[PDB]
Visitor: 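Take this structure, written in structure tokens, and hold onto it; I'll ask about it next.
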Amino acid sequence: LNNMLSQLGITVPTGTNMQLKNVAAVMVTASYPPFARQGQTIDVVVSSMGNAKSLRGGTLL
Amino acid sequence: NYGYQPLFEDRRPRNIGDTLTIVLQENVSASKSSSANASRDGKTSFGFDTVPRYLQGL
Ligand SMILES: CCCCCCCCCCCCCCCC(=O)O[C@H](CCCCCCCCCCC)CC(=O)N[C@H]1[C@@H](OP(=O)(O)O)O[C@H](CO[C@@H]2O[C@H](CO)[C@@H](OP(=O)(O)O)[C@H](OC(=O)C[C@@H](CCCCCCCCCCC)OC(=O)CCCCCCCCCCCCC)[C@H]2NC(=O)C[C@@H](CCCCCCCCCCC)OC(=O)CCCCCCCCCCC)[C@@H](O)[C@@H]1OC(=O)C[C@H](O)CCCCCCCCCCC
């Protein structure tokens, strides 16, 4: 999250609490189909990585 | 710049112009020792100070 914020233009100090509960680290897996074209879209599967309780209405970024 | 940039990665240097921070923290220490010794001592004695009459010949 800090890396994303720094890339977007916000640099959080290294020593900070940063105790958030609305985000979850996830791994996304996809099946690259044969003859895949540049503009096409595919379905993905998102699975929690840490100790997140649920991903009910989350958004993958 | 039109290049692609990841959001969640650790922003490692990737191209020629990228800059990186180096912490030297170098510490090397080597030691070597060797020794050798050799001592020999000998000391022999023999004396009568009184010789029997029958042994005076030798
Ligand atoms: C590994 C084992 C291998 C085996 C080794 C074999 C033995 C290997 C050899 C060991 C013996 C050393 C030889 C020494 C004499 C010698 O040859 O090498 C000399 C140079 C040294 C080289 C040695 C390098 C070895 C290199 C090392 C090698 C080691 C291996 C040249 C020389 O000759 N120098 C010489 C010269 O000097 P000058 O240069 O300046 O001129 O002349 C002056 C003046 O002469 C004297 O004058 C006196 C009067 O004035 C006169 O008395 P008077 O009565 O007349 O008054 C008197 O007569 C007399 O003794 C009168 C009478 C005395 C009788 C009393 C009873 C004693 C019994 C005593 C009994 C002894 C018991 C063992 O005699 C004898 O019967 C002697 C006894 C003979 C025993 C035989 C053994 C039977 C086996 C009995 C076996 C017993 C079984 C249990 C006159 N004496 C002489 O002439 C000299 C000579 C006359 C020879 C004629 C007699 C028949 C010899 C007949 C045959 C002998 C052949 C060997 O006698 C000796 O000692 C000979 C000793 C032999 C012992 C060998 C044992 C073998 C074991 C056998 C083992 C296999 C001397 O002083 C001087 O000699 C001296 O100083 C010597 C000094 O004293 C004594 C010091 C001894 C300390 C131990 C060594 C310590 C040295 C250690 C450091 C290196």
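Letters A, B, ... are given to chains in the order of the sequence lines, protein chains preceding strands, and every chain is numbered from 1. Counting starts at 1 for both ligands and their atoms, in listed order. Computed over heavy atoms, backbone and side chain alike; hydrogens, waters and symmetry mates excluded.
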Visitor: May I have a table of the N/O to N/O pairs between ligand 1 and the protein that fall below 3.5 Å, each row giving the two atom names and the distance to 0.1 Å?
Guide:
| from | atom 1 | to | atom 2 | distance (Å) |
| --- | --- | --- | --- | --- |
| ligand 1 | 129 (O) | B:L58 | O | 2.8 |

Visitor: Counting neighbours of CE on A:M27 that are heavy atoms of other residues, nucleotides or ligands and sit closer than 6.0 Å, is the number greater than 12?
Guide: no
Visitor: Restricting to salt bridge (charged side-chain N to carboxylate O under 4.0 Å, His left out), what partner residues turn up for B:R11, sequence neighbours left out?
Guide: none
Visitor: Report the residues that fulfil side chain to side chain donor-acceptor pair (under 3.5 Å) with B:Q56, sequence neighbours left out, ordered by chain and then residue number.
Guide: none
Visitor: With side-chain contact (heavy atoms from CB on, under 4.5 Å) as the criterion, how do A:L61 and B:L7 come out once you've worked through the C-alpha distance, each side chain's angles and the decisive distance to 0.1 Å?
Guide: CA-CA 9 Å; A:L61 306 167; B:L7 287 168; 5.9 Å; no
Visitor: With the side chain counted from C-beta on, respond yes when A:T29 and A:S47 share a heavy-atom pair under 4.5 Å apart, and no when they do not.
Guide: no
Visitor: Holding to ring pair (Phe, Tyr, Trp, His ring centres under 6.0 Å), I want the full list of residues that pass it with B:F46, two or more places apart in sequence or in another chain.
Guide: B:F48
